[PDB]
Structures are given as C-alpha cells and as structure tokens.
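What follows is one structure encoded as structure tokens, with my remarks underneath.
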Amino acid sequence: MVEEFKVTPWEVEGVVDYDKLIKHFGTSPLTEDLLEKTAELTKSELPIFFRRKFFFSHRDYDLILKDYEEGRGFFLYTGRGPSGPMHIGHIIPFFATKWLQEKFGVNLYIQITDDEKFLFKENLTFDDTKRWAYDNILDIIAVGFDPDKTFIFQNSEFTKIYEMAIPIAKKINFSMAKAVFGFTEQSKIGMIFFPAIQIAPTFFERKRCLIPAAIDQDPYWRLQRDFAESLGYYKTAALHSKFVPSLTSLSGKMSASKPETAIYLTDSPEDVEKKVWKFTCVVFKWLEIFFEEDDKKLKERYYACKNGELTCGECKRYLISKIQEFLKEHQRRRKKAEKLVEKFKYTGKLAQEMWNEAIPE
Amino acid sequence: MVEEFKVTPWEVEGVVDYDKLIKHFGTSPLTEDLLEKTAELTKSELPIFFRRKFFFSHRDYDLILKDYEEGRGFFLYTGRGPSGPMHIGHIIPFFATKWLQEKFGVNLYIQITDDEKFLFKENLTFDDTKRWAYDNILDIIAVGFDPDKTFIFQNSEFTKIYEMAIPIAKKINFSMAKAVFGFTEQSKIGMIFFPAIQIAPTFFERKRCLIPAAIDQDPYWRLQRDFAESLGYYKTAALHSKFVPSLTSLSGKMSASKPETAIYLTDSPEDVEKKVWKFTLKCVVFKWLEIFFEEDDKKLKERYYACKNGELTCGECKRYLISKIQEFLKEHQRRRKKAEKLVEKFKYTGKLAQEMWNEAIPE
Ligand SMILES: Nc1ncnc2c1ncn2[C@@H]1O[C@H](COP(=O)(O)OC(=O)[C@@H](N)Cc2c[nH]c3ccccc23)[C@@H](O)[C@H]1O
Ligand SMILES: Nc1ncnc2c1ncn2[C@@H]1O[C@H](COP(=O)(O)OC(=O)[C@@H](N)Cc2c[nH]c3ccccc23)[C@@H](O)[C@H]1O
C-alpha cells in the first residue's frame with residue numbers, strides 16, 4: 001500500500017508495516033489453520049514464536065505439509081552472513097529450523113556466506129570474515145541440531161555452490177538483478193553474482209525446500225521460484241519471521257551496527273544488565289517473541305505493567321532474568337559445540353555425503 | 001588510431017590491424033631484442049611462431065625473463081573454452097606454452113572454462129560443455145606437457161577458483177565490467193562475474209605469471225593488472241599471438257561458427273582434402289605455412305617466390321599445404337589416443353595436480 005520504510009536483504013529502515021510488506025513481496029499470510037495443521041501432524045505443541053505469530057508470512061507451506069503426510073518428504077535450508085558477532089535476532093530462524101528438523105526428521109543445510117560479507121562490506125577482509133564464520137558456527141551448532149541430518153558449510157570452503165549456482169546464474173538476467181536487489185553501476189561483480197550463490201542450496205535435493213528466515217531474505221526466494229521449474233526443481237517454500245526490534249527504537253531492526261541496543265549471544269550477564277538498566281512497548285515485545293515460554297505469565301505481567309501494578313524497574317529486572325538465563329545456557333553450549341564442528345562440517349552422515357562431491361581419487 | 005574491426009574475448013569481426021590493436025589495448029610490441037634474449041637463456045633456436053613473429057605483442061615479458069635470470073622463476077597459465085571441437089587456431093597457444101615450459105622448466109596451469117561456455121552460449125547446456133571439456137583435454141594433452149609440472153582443471157570441478165576469484169570480484173566494480181567486456185543490462189549475472197574466474201589463475205603462485213594466448217583474450221589481463229598489487233600479487237605478463245585466418249575469408253578469424261573454413265584437430269585426411277580442394281580461394285595458403293606448418297625457413301621463402309611468380313601452379317601449392325596439414329593431424333590424432341590414459345595424471349594424480357587438489361580440507 002504505502003512506501004515509507006525499506007526492507008532489503010542488507011538494510012531495514014524505518015517503521016516496518018508487515019501487512020503491507022506481505023503484499024509488496026507477494027507472500028501468503030500464515031493462516032491460523034495452517035499452524036494447527038502442523039500441531040496435529042507433528043502431534044505436539046507449537047513453539048513460542050509460531051503460536052504467537054512471530055512467523056507471520058509463508059510461501060508454499062501448505063505444499064510442504066502436503067508433501068510430508070504423503071511420504072515424499074522435504075528438506076530445510078537457512079543461513080548466516082558472518083559480518084561479526086551474532087545477536088538474538090539472528091538465532092531465532094535457527095531455533096525454528098531446530099524444531100522443524102526435530103518434528104519432521106528432515107535434512108538441514110546451513111549456508112555460511114563468508115563470501116557475501118567480504119564482498120558487500122568494505123571494512124571487512126576475506127580473512128576476518130572466515131574468522132567470524134567459525135565463531136558463528138559455534139552459536140549455530142549450540143542450538144542443537146541432528147549431527148547426521150545437518151550440513152554446515154562456508155561458501156569459500158565448500159566451493160561446490162559455485163557449480164550449483166551456474167544454472168541459475170545463466171537464468172537470472174542482469175536487468176532483473178538490479179530490479180530485485182537494487183544493484184547499481186557501482187556494485188561489485190561479486191555482489192551481482194552472489195544471489196545465484198544464495199539460491200543454490202535450494203538445489204541440494206530433488207525434494208521440495210523449506211526456508212525459515214526473516215522477511216528481509218525473501219527477494220532471493222522470489223527469483224528462485226521464477227526459474228525453479230525450468231531448472232528441474234520445485235519452487236522453494238518459505239516461512240517468514242518478523243524482526244526483533246532494538247531497545248531504544250521501534251522504527252528499525254536489531255542490528256550489530258548499533259551494539260548498544262543489541263544483545264549478542266556472546267554478551268556477558270553484566271553487558272545485559274548495563275544495556276537494559278541504562279535507558280528506558282519494547283520491554284514486552286522481546287518476551288512475547290522469544291523469552292517467556294508461558295502464555296499466562298506473559299498476559300498477566302503485561303496488564304500488570306500496562307495498568308501500573310508493576311514498577312518499570314521490577315519489570316525490566318524480569319526481562320534481564322529471562323535473557324540472562326538463555327545466554328547462560330547458550331554460552332555453556334558454545335563451549336560444548338567447539339568439539340562438534342568437524343561433525344557438522346565434514347564427518348557427519350550428511351556432511352560426508354556432500355563432501356563426496358570431490359572427484360574420485 | 002582506427003576501429004573498423006571488433007576484437008573482444010568472444011568475437012573477432014573484419015580485417016584486423018594488429019599495429020593499431022597494440023595501441024587500442026595499450027600493449028607493447030615484442031621487440032626483436034627480446035626474441036634473441038630468450039634464445040640465449042634457453043640456449044636453443046626459437047619455434048616457427050616465435051621467430052616469424054606470429055606472436056607480435058607482449059606485456060611485462062622483459063620482466064618475466066629478468067626473474068628467470070635472477071633465479072626467482074615464474075609460472076605459465078593458458079586456457080580453453082569448450083564450446084565444441086578445437087581447431088588449429090586454438091592449439092597454437094598451447095604449443096607456445098609447451099615450448100616455454102620445456103626450456104624454462106616452470107609450472108603450468110590450464111583452465112577449461114566449461115562454466116563460461118555454458119553461460120555465454122544460449123544453445124549449449126552445462127552437460128554439453130562438460131563433455132566438450134573432456135574432448136578438448138585430449139587435444140591439449142596430445143601436445144605433450146610435463147606430467148608433474150602441469151595442472152589441467154575444469155572450473156565446474158576444481159571449484160576452488162571461486163574462492164580464488166572473490167578478492168578481485170570485490171575490486172572489479174560493475175561499471176568497469178561493462179566498459180572492458182561490453183556487458184549490457186541483458187547479460188546474465190554469471191556472465192558479469194566470469195572475468196573474476198578467468199583472472200583467478202594468475203594468483204596460483206606468488207611468483208609472476210606468463211600468459212601465452214591470442215590478442216583477443218587481453219581484456220582480462222589488463223584488468224588483472226589494475227588490481228594485482230593491491231591483492232598482493234605481481235601484475236601478470238602476457239604473450240599475444242595473431243589470429244589464424246579462415247580458408248576463404250581474410251577478415252575475422254578461423255572460427256567453429258564456419259566449420260567449412262576451419263581445420264579441426266579432429267578432422268580426417270579426406271576432410272582436409274575436401275575443405276581445401278573445394279573452394280577457388282592465396283595469401284591464406286601460405287599464411288598457414290608461415291605461422292604453423294612449414295618448419296623450414298629456407299623452403300618456406302622458396303615456395304612463396306615460386307608461387308607468386310607463377311613458377312608453381314596453385315594446384316601444387318594446395319597439394320603441398322594439404323600434405324603438411326595431414327602430417328600434423330595424423331601425428332596429433334595418434335598422440336590424442338595415447339592422451340586418454342594420461343588424463344587422470346594431468347587432472348588429479350600428477351605432482352602439481354595433487355598439490356592443488358590438497359585444498360580439500362583435512363578429513
Ligand atoms: N533483527 C532480526 N530479527 C529477526 N531475525 C533477523 C533479524 N536480523 C536478521 N534476521 C534473520 O537472521 C538470519 C541471519 O541474518 P543475516 O543478515 O546474517 O543473513 C544473511 O546475511 C544472509 N545473506 C545469509 C544467508 C544465506 N542463505 C540464507 C538462507 C536463509 C537466511 C539467510 C541466509 C536471517 O535468516 C535473517 O532473516
Ligand atoms: N583464430 C585463432 N587463431 C589463433 N588463436 C586463436 C584463434 N582463436 C582463438 N585462439 C586462441 O585459442 C585459445 C583458446 O580459445 P578460446 O576461444 O577457447 O578461449 C576462451 O574461450 C577463453 N575464455 C578460455 C581461457 C581461460 N583462461 C585463459 C587464458 C588464456 C587463454 C584463454 C583462456 C586462446 O588462447 C585464444 O586466444
């Protein structure tokens with residue numbers, strides 16, 4: 001409908017209207033019955049972010065469920081751009097991907113775009129982008145995925161994605177690249193080629209693909225669906241989440257560009273405290289999105305704050321408690337993840353199959 | 001000065017003035033001094049295409065000899081785009097690279113751009129280029145390179161060049177790509193990226209690179225030289241050859257687009273006969289002998305005078321040309337069959353090939 005905010009795979013500016021964005025991008029709203037269809041098919045309760053509609057939009061999700069119950073299955077694909085340390089917003093797609101692999105028992109491909117973040121950022125060198133890649137793996141593997149149904153790879157290392165991208169790189173016209181991603185005459189040739197690389201993992205299997213991500217990554221999936229059939233694959237399915245807002249603002253997105261308003265997965269308990277205490281509804285947004293896994297306590301405390309039974313200080317003390325408990329658990333797992341990197345990258349069942357794409361010798 | 005002919009890495013149209021092309025591309029002429037300088041260091045006589053100045057232009061070639069003389073050495077790189085069968089023009093760069101590897105004893109990297117040819121040709125599929133890749137390898141191995149100092153790879157297979165291309169894929173902005181290669185809004189994104197892939201093999205070693213090829217491939221190299229030092233490498237050296245003309249026409253070059261005027265490395269003796277005999281056509285007849293076929297300088301000059309002065313009939317000259325083409329092709333096709341066994345060595349098992357493939361992470 002209206003134009004005053006920006007949502008690209010690299011920028012999110014201004015107050016985001018998710019209802020308009022659903023039409024701007026042409027994505028289907030994740031209906032109430034589609035959520036209940038998953039609950040009855042997996043025979044379990046949906047996680048916090050699904051039932052509270054943090055994931056608001058979808059593409060061919062009804063097709064994914066139809067494929068599963070008819071026994072032809074599917075596979076999961078999500079990714080991460082290692083431009084620096086990860087925050088709470090970056091990890092939610094992976095938690096959604098964890099639950100989906102858990103309940104449906106499907107393969108998972110995780111793309112670490114260390115090539116992208118070198119190409120798209122001037123400050124960063126290719127060397128330190130590979131550094132953050134490893135650091136980011138640790139956080140991702142700390143979520144807990146099936147060691148035999150998951151493949152985590154870097155584009156610079158598992159360079160087979162280049163060969164996997166060439167088909168679509170011949171399909172994607174350059175005029176339409178500039179149109180979808182806003183490339184200009186001043187973009188780098190590596191920048192212009194990259195969309196082929198991010199689309200490539202959808203062709204890991206002949207089965208249909210599901211991509212749990214935030215709405216900002218959608219432009220890639222539109223182009224995929226434009227040429228999927230002519231390349232002999234299914235039009236990729238997607239589940240789109242909203243954005244985790246920053247502390248001070250509601251007119252943007254939690255970004256590492258503003259470290260003061262972002263809680264990193266690697267943040268200390270003192271860092272959490274200092275960031276929340278220091279300023280001044282955002283407080284309950286985070287609890288609704290990720291941190292309070294109880295609906296009754298969420299509902300009761302919100303109205304206890306809205307009407308004024310709870311003081312502001314006691315209210316954000318409760319936020320700190322929740323995000324401190326999660327970070328303590330995550331950082332503990334990070335240390336345990338260090339000795340599982342080889343499994344998810346090389347040694348594991350899926351990882352071994354994929355790496356057996358090196359010429360027989 | 002003048003541009004009423006087109007020379008891009010994908011098309012050559014019209015009669016080509018090689019003198020102006022040196023100015024247009026900013027290359028430097030291969031001086032008579034440099035030819036004799038190489039003969040001293042190599043301690044031998046120069047090949048037909050070198051001494052008869054078929055290779056006419058160069059870049060930093062004086063710096064490639066200085067490095068060898070001062071004991072720090074260099075390395076060779078050339079390539080081939082597998083769109084179909086290879087003709088006689090395609091193989092000359094490889095013969096030059098053979099001689100340079102022989103006399104200088106350096107490493108050789110051969111890039112088979114089966115990715116380029118799929119992207120740039122609408123009619124070709126990725127499988128087409130992959131199988132034409134194998135076919136072309138046989139012809140390239142048939143030339144005879146050091147089995148331990150040569151690596152022949154395919155961009156779709158040795159996908160390591162993608163990681164080798166990223167650094168310069170961030171340097172070369174899109175405005176530059178259009179200006180150098182003539183890309184338009186109708187180009188495919190894979191086309192626009194590709195120059196990074198063809199430049200990448202110049203970063204195989206820290207030593208400086210020499211590229212023996214025809215002048216049409218030069219746009220890639222002058223773009224490599226713009227960013228080589230900022231990426232921590234030497235700006236690549238090059239040796240540029242002229243084009244082998246087609247049978248009938250004096251404009252353009254020998255191309256697979258017109259198979260009837262091209263001598264393919266796979267052509268039978270009767271194919272050569274029919275192609276030469278069939279058309280009325282005479283500079284071309286002796287151009288080929290000057291640049292590739294007649295290894296004797298004294299015999300070459302003698303028959304040129306005997307032809308132009310009318311002492312020998314054209315029928316004798318065409319018969320003389322055919323016999324020399326047939327001698328080469330009989331010998332090449334013989335070595336081509338023996339080449340089928342050496343493929344695994346040049347691609348994987350060989351000393352250099354094994355070193356490069358050890359970029360499959362420790363597992
Ligand atoms: N503030 C936020 N709130 C909620 N979710 C957010 C927030 N910020 C980011 N996300 C989602 O987190 C994932 C990683 O973001 P990246 O920017 O690294 O995402 C990137 O840099 C990609 N180019 C890397 C990539 C490659 N393949 C993929 C497939 C799916 C998703 C991502 C990828 C993404 O799912 C993103 O949608
Ligand atoms: N009519 C002719 N007369 C004499 N030489 C000719 C003639 N036509 C072509 N050549 C030379 O043959 C080699 C391969 O040609 P391609 O078109 O496959 O060339 C191609 O398609 C490249 N994209 C493949 C490539 C990748 N890296 C390289 C490095 C050097 C040279 C070539 C490459 C080239 O040396 C070319 O200069």
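Residue numbering restarts at 1 for every chain of the structure tokens, chains are lettered A, B, ... in their displayed order, and ligands are numbered from 1 as they appear.
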Exercise. Extract, using only C-alpha atoms, all DNA, RNA and protein residues at most 9 Å from segment 10-15 of chain A, discarding same-chain residues fewer than 6 positions from it, and format them as a list in words.
Key: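 The contact residues come out as residues 4, 120, 216, 217, 250, 251, 252 and 253 of chain A.
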Quiz item: Quick one: residues within 9 Å of residue 49 of chain A, only C-alpha atoms counted, chain neighbours fewer than 2 positions away excluded, as a list in words?
Solution: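 The neighbour list is residues 46, 47, 51, 52, 53, 54, 55, 92, 96, 241, 288, 289 and 290 of chain A.
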Self-check item: Selection near segment 258-262 of chain A, 7 Å with only C-alpha atoms, sequence-local residues under 5 positions removed, as a list in words
Solution: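 Answer for this query is residues 87, 246, 247, 248 and 275 of chain A.
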Quiz item: Can you tell me which residues sit at most 9 Å away from ligand 2, counting only C-alpha atoms and all ligand atoms, written as a PyMOL selection string?
Solution: chain B and resi 9-12+77-83+86-94+110-114+116-117+195+197-199+201+211-218+220-221+240-246+252-255
Quiz item: Counting only C-alpha atoms and all ligand atoms, which of A:177, A:76, A:315, A:192 gets nearest to ligand 1?
Solution: A:76
Exercise. Per DSSP on the backbone, filter segment 84-215 of chain A down to the residues in strand (DSSP E) and report them as a VMD selection string.
Key: chain A and resid 107 to 112 150 to 154 209 to 214
Practice problem: Please return, as a PyMOL selection string, all residues of chain A lying within 7 Å of chain B when only C-alpha atoms are considered. | Solution: chain A and resi 115+119+156+159-160+162-163+166+169-175+185-190+192-193+346
Residues of the last selection are to be written out with N, CA, C and O atoms, as a tab-separated table (two decimals), in the first residue's frame.
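Output saved as result-v4.tsv:
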chain	number	residue	atom	x	y	z
A	115	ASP	N	31.69	-15.36	1.84
A	115	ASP	CA	31.97	-14.69	0.58
A	115	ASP	C	31.15	-13.41	0.44
A	115	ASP	O	31.68	-12.37	0.05
A	119	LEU	N	32.53	-9.39	0.23
A	119	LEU	CA	32.18	-8.63	-0.97
A	119	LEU	C	31.34	-7.38	-0.67
A	119	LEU	O	31.58	-6.32	-1.24
A	156	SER	N	33.29	-20.31	0.79
A	156	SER	CA	34.70	-20.26	0.43
A	156	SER	C	35.38	-21.62	0.54
A	156	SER	O	36.42	-21.86	-0.08
A	159	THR	N	33.17	-25.02	-2.02
A	159	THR	CA	33.01	-24.21	-3.22
A	159	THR	C	32.15	-24.86	-4.31
A	159	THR	O	32.00	-24.31	-5.40
A	160	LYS	N	31.56	-26.02	-4.00
A	160	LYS	CA	30.66	-26.68	-4.94
A	160	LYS	C	29.42	-25.84	-5.23
A	160	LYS	O	28.77	-26.02	-6.26
A	162	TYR	N	29.36	-22.90	-6.21
A	162	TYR	CA	29.62	-22.19	-7.45
A	162	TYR	C	29.09	-22.99	-8.64
A	162	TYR	O	28.41	-22.44	-9.51
A	163	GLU	N	29.39	-24.28	-8.66
A	163	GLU	CA	28.90	-25.19	-9.70
A	163	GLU	C	27.39	-25.39	-9.58
A	163	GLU	O	26.70	-25.60	-10.57
A	166	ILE	N	25.69	-21.96	-11.12
A	166	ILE	CA	25.84	-21.63	-12.54
A	166	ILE	C	24.55	-21.76	-13.38
A	166	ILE	O	24.26	-20.86	-14.17
A	169	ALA	N	22.58	-18.80	-12.57
A	169	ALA	CA	23.37	-17.62	-12.94
A	169	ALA	C	23.26	-17.31	-14.43
A	169	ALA	O	23.58	-16.19	-14.86
A	170	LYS	N	22.82	-18.29	-15.21
A	170	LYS	CA	22.54	-18.12	-16.63
A	170	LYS	C	21.09	-17.70	-16.84
A	170	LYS	O	20.77	-17.04	-17.82
A	171	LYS	N	20.23	-18.10	-15.91
A	171	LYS	CA	18.81	-17.74	-15.96
A	171	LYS	C	18.58	-16.31	-15.52
A	171	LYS	O	17.88	-15.55	-16.20
A	172	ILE	N	19.16	-15.93	-14.38
A	172	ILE	CA	18.96	-14.58	-13.83
A	172	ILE	C	19.60	-13.52	-14.72
A	172	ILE	O	20.82	-13.37	-14.77
A	173	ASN	N	18.73	-12.82	-15.42
A	173	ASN	CA	19.08	-11.65	-16.21
A	173	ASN	C	19.62	-10.55	-15.31
A	173	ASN	O	19.23	-10.43	-14.15
A	174	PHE	N	20.53	-9.74	-15.84
A	174	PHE	CA	21.12	-8.67	-15.05
A	174	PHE	C	20.16	-7.51	-14.77
A	174	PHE	O	20.21	-6.89	-13.71
A	175	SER	N	19.30	-7.21	-15.75
A	175	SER	CA	18.27	-6.19	-15.57
A	175	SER	C	17.41	-6.53	-14.36
A	175	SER	O	17.10	-5.65	-13.55
A	185	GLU	N	25.43	0.70	-10.89
A	185	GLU	CA	26.65	0.64	-11.71
A	185	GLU	C	27.92	0.58	-10.87
A	185	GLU	O	29.00	0.29	-11.38
A	186	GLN	N	27.78	0.85	-9.57
A	186	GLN	CA	28.91	0.94	-8.66
A	186	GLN	C	29.08	-0.31	-7.81
A	186	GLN	O	30.04	-0.42	-7.03
A	187	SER	N	28.15	-1.26	-7.96
A	187	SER	CA	28.24	-2.56	-7.30
A	187	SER	C	29.43	-3.35	-7.82
A	187	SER	O	29.96	-3.07	-8.90
A	188	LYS	N	29.87	-4.34	-7.05
A	188	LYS	CA	30.99	-5.19	-7.45
A	188	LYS	C	30.45	-6.40	-8.20
A	188	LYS	O	29.34	-6.86	-7.93
A	189	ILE	N	31.23	-6.91	-9.15
A	189	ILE	CA	30.80	-8.07	-9.95
A	189	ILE	C	30.48	-9.28	-9.07
A	189	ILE	O	29.58	-10.06	-9.38
A	190	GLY	N	31.21	-9.41	-7.96
A	190	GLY	CA	30.94	-10.44	-6.96
A	190	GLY	C	29.61	-10.24	-6.27
A	190	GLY	O	28.92	-11.21	-5.94
A	192	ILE	N	26.95	-8.75	-7.66
A	192	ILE	CA	25.92	-9.04	-8.65
A	192	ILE	C	25.71	-10.54	-8.85
A	192	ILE	O	24.59	-10.99	-9.08
A	193	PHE	N	26.79	-11.30	-8.73
A	193	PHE	CA	26.73	-12.75	-8.90
A	193	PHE	C	26.14	-13.46	-7.69
A	193	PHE	O	25.49	-14.50	-7.83
A	346	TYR	N	32.11	-31.83	8.24
A	346	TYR	CA	32.79	-32.85	7.44
A	346	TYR	C	32.39	-34.30	7.75
A	346	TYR	O	31.95	-35.03	6.86
Quiz item: Which protein, DNA or RNA residues have an atom within 9 Å of ligand 1, counting only C-alpha atoms and all ligand atoms, as a ChimeraX atom specification?
Solution: /A:9-10,12,77-83,86-94,110-114,116-117,195,197-199,201,211-218,220,240-246,252-255
Exercise. Rounded to one decimal place, report the atom CA of residue 19 of chain B-atom CA of residue 224 of chain B distance in Å.
Key: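 About the pair atom CA of residue 19 of chain B and atom CA of residue 224 of chain B: they are 22.9 Å apart.
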Quiz item: In Å, with one decimal, what is the gap from atom CA of residue 202 of chain A to atom CA of residue 133 of chain B?
Solution: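 Pair atom CA of residue 202 of chain A / atom CA of residue 133 of chain B returns 26.8 Å.
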Self-check item: Those in segment 155-295 of chain B with alpha helix (DSSP H) from DSSP, as a VMD selection string
Solution: chain B and resid 160 to 171 174 to 181 189 to 199 218 to 227 269 to 277 283 to 288
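One distance worth recording is that between atom CA of residue 57 of chain A and atom CA of residue 139 of chain A, which is 25.7 Å.
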Self-check item: segment 329-334 of chain B surroundings by only C-alpha atoms, 9 Å radius, close-in-sequence under 2 positions cut, as a list in words
Solution: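 Non-adjacent residues within range: residues 139, 142, 143, 264, 265, 266, 267, 268, 269, 324, 325, 326, 327, 336, 337, 338 and 339 of chain B.
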Quiz item: Neighbours of residue 60 of chain B within 10 Å (only C-alpha atoms; same-chain residues fewer than 6 positions away dropped), as a PyMOL selection string?
Solution: chain B and resi 27-28+66+208-210+235-239
Exercise. With a distance cut-off of 10 Å and only C-alpha atoms, select the neighbouring residues of segment 295-298 of chain B, excluding the residue or stretch itself and same-chain residues fewer than 2 positions from it, and output the selection as a list in words.
Key: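 Non-adjacent residues within range: residues 47, 48, 49, 51, 52, 289, 290, 291, 292, 293, 300, 301, 302 and 303 of chain B.
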Practice problem: May I have the residues within 10 Å of residue 59 of chain A as a count of residues only, using only C-alpha atoms and disregarding those fewer than 4 positions away in the same chain? | Solution: 18
